[PDB]
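**Student:** Just dropping this structure here.
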Amino acid sequence: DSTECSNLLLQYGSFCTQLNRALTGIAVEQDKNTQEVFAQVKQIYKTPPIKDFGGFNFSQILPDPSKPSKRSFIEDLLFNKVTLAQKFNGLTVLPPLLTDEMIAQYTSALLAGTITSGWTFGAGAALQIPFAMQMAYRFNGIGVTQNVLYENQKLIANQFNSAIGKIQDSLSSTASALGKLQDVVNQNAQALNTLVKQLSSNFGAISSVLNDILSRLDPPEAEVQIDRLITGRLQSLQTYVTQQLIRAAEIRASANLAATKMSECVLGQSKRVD
Amino acid sequence: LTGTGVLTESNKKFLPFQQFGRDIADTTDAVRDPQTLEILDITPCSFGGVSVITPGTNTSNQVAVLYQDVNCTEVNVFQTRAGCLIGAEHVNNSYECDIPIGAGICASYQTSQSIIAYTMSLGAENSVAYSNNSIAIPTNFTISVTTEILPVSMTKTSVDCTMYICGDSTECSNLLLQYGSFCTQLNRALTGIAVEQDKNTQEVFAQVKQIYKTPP
Amino acid sequence: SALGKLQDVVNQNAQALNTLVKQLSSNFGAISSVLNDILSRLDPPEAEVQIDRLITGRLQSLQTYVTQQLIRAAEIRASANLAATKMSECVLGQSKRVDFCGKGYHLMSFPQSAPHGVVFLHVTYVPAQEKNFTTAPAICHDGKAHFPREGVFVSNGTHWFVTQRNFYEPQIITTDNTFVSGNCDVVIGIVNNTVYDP
Amino acid sequence: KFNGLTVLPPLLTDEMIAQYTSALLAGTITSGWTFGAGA
Ligand SMILES: *[C@@H]1O[C@H](CO)[C@@H](O[C@@H]2O[C@H](CO)[C@@H](O)[C@H](O)[C@H]2NC(C)=O)[C@H](O)[C@H]1NC(C)=O
Ligand SMILES: *[C@@H]1O[C@H](CO)[C@@H](O[C@@H]2O[C@H](CO)[C@@H](O)[C@H](O)[C@H]2NC(C)=O)[C@H](O)[C@H]1NC(C)=O
Ligand SMILES: *[C@@H]1O[C@H](CO)[C@@H](O[C@@H]2O[C@H](CO)[C@@H](O)[C@H](O)[C@H]2NC(C)=O)[C@H](O)[C@H]1NC(C)=O
Ligand SMILES: *[C@@H]1O[C@H](CO)[C@@H](O[C@@H]2O[C@H](CO)[C@@H](O)[C@H](O)[C@H]2NC(C)=O)[C@H](O)[C@H]1NC(C)=O
Ligand SMILES: *[C@@H]1O[C@H](CO)[C@@H](O)[C@H](O)[C@H]1NC(C)=O
Ligand SMILES: *[C@@H]1O[C@H](CO)[C@@H](O)[C@H](O)[C@H]1NC(C)=O
Ligand SMILES: *[C@@H]1O[C@H](CO)[C@@H](O)[C@H](O)[C@H]1NC(C)=O
Ligand SMILES: *[C@@H]1O[C@H](CO)[C@@H](O)[C@H](O)[C@H]1NC(C)=O
Ligand SMILES: *[C@@H]1O[C@H](CO)[C@@H](O)[C@H](O)[C@H]1NC(C)=O
Ligand SMILES: *[C@@H]1O[C@H](CO)[C@@H](O)[C@H](O)[C@H]1NC(C)=O
């Protein structure tokens, strides 16, 4: 809100477009990460209404129709474990392309394809197969004869159900497991907070308000007093942009690792140790 | 205390003896009217970037703009969750995403020869015929060939300090050296980049001890 | 438009160089954008002041360009490492990692060079046409339980066969395709049929 | 190359890259994966 400050500002060349271009690239990359990680299934499969899976119980991970959103129980527990736009300077936030409902639909299609088809849905088209035989195939993968499973099916089913109960109890009880997903929010909130706080620095002038200076001095010294503020705010913006670039690179590396894990661990069986 | 914003009656604030209120930054948030003593809230006027949904000029020259994060009751006018869009018509159908917009809304050019804004569809619905004693076994195959292109090395470059900052001017070079070594610390980084640009190609391609040759 | 990945690098490099060169045409608060004008019109005491502000502007521009180049080079190296890994694994051998050397079951790949990049031609195996059958975990013959050595038990409505899992190729059940493991009152879903002996 | 900025030429020319990809393609076709381990 200053028609005279922007006239001295435009004397600094194209320092105003580089930051916008970099931030736009960051935004595009951050949406491409999610699009690449989740959108790995061509179609949208769904589980049959009858849950006859050889004794295994997947009710705690399948979507819950009774909920307002088509989320699972563990997903609902996860969304309540993460806490935390209100700024009103030239700072805006944009909504992601894919809403949480679409992500839930993707992870439901992936999970319902994994249960029914196994790994065949990742190569060609989904091929139905009983779960009690898919699990024998998976034990045959790790050099254990399938008669071990076929003679102990109830034991493995009970152990899997107990493990699911234990994991749900652990998620519902302890809240410190999601620190990795909490820091990615805290660091950005703190960076925006510092950027906003930088607006209240003298930087060498007599006051940190443009309207205060323009209503008290003459232009020949008003421009001198405005130059320091312009320099300080430009330096703050540049530092913020550089930090954002580095953090975005780190997040992209993490997203690539997640995409590799989804491609290998989920859509197949991995012989890579640990 | 000049400025700009939207005045609003704020009975929530109290200010028993305080004249003004303020926020994290040096921006006032509440003031009291000197004539009649009540507390007024100050909220800045709405603002936001402008985006232009457009098909290629090869096809046509029809556009539709979008003011994101603007409740344009003030400004065919639509209203989405990512802002508000004028110039395109809402459609109850759902197709793939052609021009992404946001919050699950995508735009595309139909035929009518107009621009439509719909909600994207994730994929064709499918449901496997799962059963506890049923299998599906392939009887035929197909061989497919896929392309995958990825870069290896960028363009090596190097710059000169004085020749750029103080080109052919002795009194400029007589002031530049007062800053110490801000020159060599840039050329060193550029040289490192140039060296790794060759290391990348050497790693990617040089993986054979001998040069093999196909029979005639 | 298939080679956008390689074109983007050139486009960004050209844009960065163009912006750096065009940054020389800004006053940065000085009277003129060419120092020759200043040194030929004003006395030293403020000519040096203008020179100093020009120097600060140009030095800041160079620092910004160098930082951007460093970040882009780091990203390019990160991509080149993946390219080298693909060349080592998909080409020089056969990879069992799912969706690493192309969709489907990987067979072999062929490398091709490109301006500032590489291109792989992954050859993959994909099943095409499917059928329906009726399986069974095992089979009783004389109170025992025969399991497939490798493959599945399938039935076309009347007869039972043993076939490989990735291709339909029925064979008569025998003692060379199955192995015995105990009695068959424990397995769930077992259906009993005759087993031929050579 | 007008204001003290230069571009250096790559160490590996475009012909040696082609020679590498020809050696790789000819080893792959005629030897399988055995050419990567030993001889
Ligand atoms: C799968 O597990 C769920 C939850 O562990 C089971 O649902 C419970 O069913 C009992 C009755 O048997 C109820 O008393 C509980 O309130 C249910 N819990 C929930 C969260 O709904 C379900 O029965 C199990 N299904 C199978 C086939 O084992
Ligand atoms: C397996 O699929 C291939 C095609 O992928 C079939 O080959 C085709 O057979 C038809 C005969 O009706 C010919 O007209 C085509 O020219 C063939 N295509 C090619 C590329 O050769 C093959 O017949 C199928 N095999 C079975 C047993 O169904
Ligand atoms: C299931 O497969 C069996 C074995 O191939 C079929 O039995 C043979 O069917 C052919 C018909 O093409 C006859 O010529 C043979 O004499 C049959 N052999 C025996 C031992 O019966 C059987 O017909 C198939 N059933 C169905 C419904 O397709
Ligand atoms: C496997 O074959 C045996 C016969 O050898 C079948 O056993 C019969 O089962 C019925 C009903 O369960 C009984 O009434 C008979 O007394 C059983 N006979 C014998 C000799 O045990 C058995 O049904 C067959 N398996 C299946 C799945 O049908
Ligand atoms: C003083 O302020 C009150 C506010 O209600 C106003 O009514 C009054 O006219 C003011 N005094 C004078 C002299 O204008
Ligand atoms: C672009 O225009 C050319 C003619 O100028 C036309 O041949 C071509 O099909 C157009 N491409 C698209 C994608 O519309
Ligand atoms: C937009 O403004 C209208 C009236 O101005 C109001 O009824 C509506 O609730 C507002 N919606 C949002 C999302 O601000
Ligand atoms: C979409 O459908 C709803 C109800 O099904 C209807 O109220 C609305 O007018 C429809 N929109 C269009 C553009 O036809
Ligand atoms: C197998 O049966 C299901 C339902 O009975 C059907 O949808 C599917 O198309 C069948 N498979 C083939 C290959 O026709
Ligand atoms: C398969 O399910 C049917 C009911 O849908 C049931 O009658 C049959 O016993 C089941 N078979 C096995 C092996 O569990």
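Going from the start of the chain as shown, residues are counted 1 onward.
Looks like electron microscopy, 3.4 Å, at least that's what the header says.
Including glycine, each Cβ sits where the backbone N, Cα and C put it.
Straight from Swiss-Prot, here's the annotation block:
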| type | residues | note |
| --- | --- | --- |
| DISULFID | C:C90-C:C101 | disulfide bond |
| DISULFID | C:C140-C:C184 | disulfide bond |
| CARBOHYD | C:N132 | N-linked glycosylation site |
| CARBOHYD | C:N156 | N-linked glycosylation site |
| CARBOHYD | C:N192 | N-linked glycosylation site |
**Student:** Between the Cα atoms of C:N156 (N-linked glycosylation site) and C:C140 (disulfide bond), what distance do you get, rounded to the nearest Å?
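**Tutor:** Approximately 19 Å lies between the Cα of C:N156 (N-linked glycosylation site) and that of C:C140 (disulfide bond).
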**Student:** In terms of Cβ proximity below 8 Å, which recorded positions out of C:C90, C:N132, C:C184, C:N192 neighbour chain B?
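**Tutor:** In terms of proximity to chain B, the recorded positions that count are C:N132, given in sequence order.
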**Student:** According to DSSP, which kind of secondary structure is C:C90 (disulfide bond) found in, if we only use helix, strand and coil?
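**Tutor:** DSSP assigns C:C90 (disulfide bond) to helix.
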**Student:** Of the recorded positions C:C90, C:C101, C:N132, C:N192, which one has its Cα closest to the Cα of C:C184 (disulfide bond)?
**Tutor:** C:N192
**Student:** Please check the recorded positions C:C90, C:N132, C:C140, C:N156, C:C184, C:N192 against ligand 3 and give me the ones with CB under 6 A, sequence order.
**Tutor:** C:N156
**Student:** Among C:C90, C:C101, C:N132, the recorded positions in the record, which have a C-beta under 6 A from ligand 9?
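**Tutor:** Going through C:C90, C:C101, C:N132 in sequence order, those close to ligand 9 turn out to be C:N132.
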**Student:** Between the Cα atoms of C:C140 (disulfide bond) and C:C90 (disulfide bond), find the distance and write it as a whole number of Å.
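**Tutor:** Rounded to the nearest whole number, the Cα-Cα distance is 44 Å.
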**Student:** Once the chains shown are all counted, how many other Cβ atoms turn up within 10 Å of the Cβ of C:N156 (N-linked glycosylation site)?
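**Tutor:** By my count, 12.
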**Student:** Which of C:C140, C:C184 has the fewest nearby Cβ atoms, counting only those within 10 Å, among these disulfide-bonded residues?
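**Tutor:** Checked C:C140, C:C184; of these disulfide-bonded residues, fewest Cβ neighbours within 10 Å: C:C140.
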**Student:** What count of other C-beta atoms do you get within 10 angstroms of the C-beta of C:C101 (disulfide bond), across all chains shown?
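**Tutor:** A count of 26.
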**Student:** Roughly how many Å separate the Cα of C:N132 (N-linked glycosylation site) from that of C:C101 (disulfide bond), to the nearest whole number?
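**Tutor:** About 30 Å separates the two Cα atoms.
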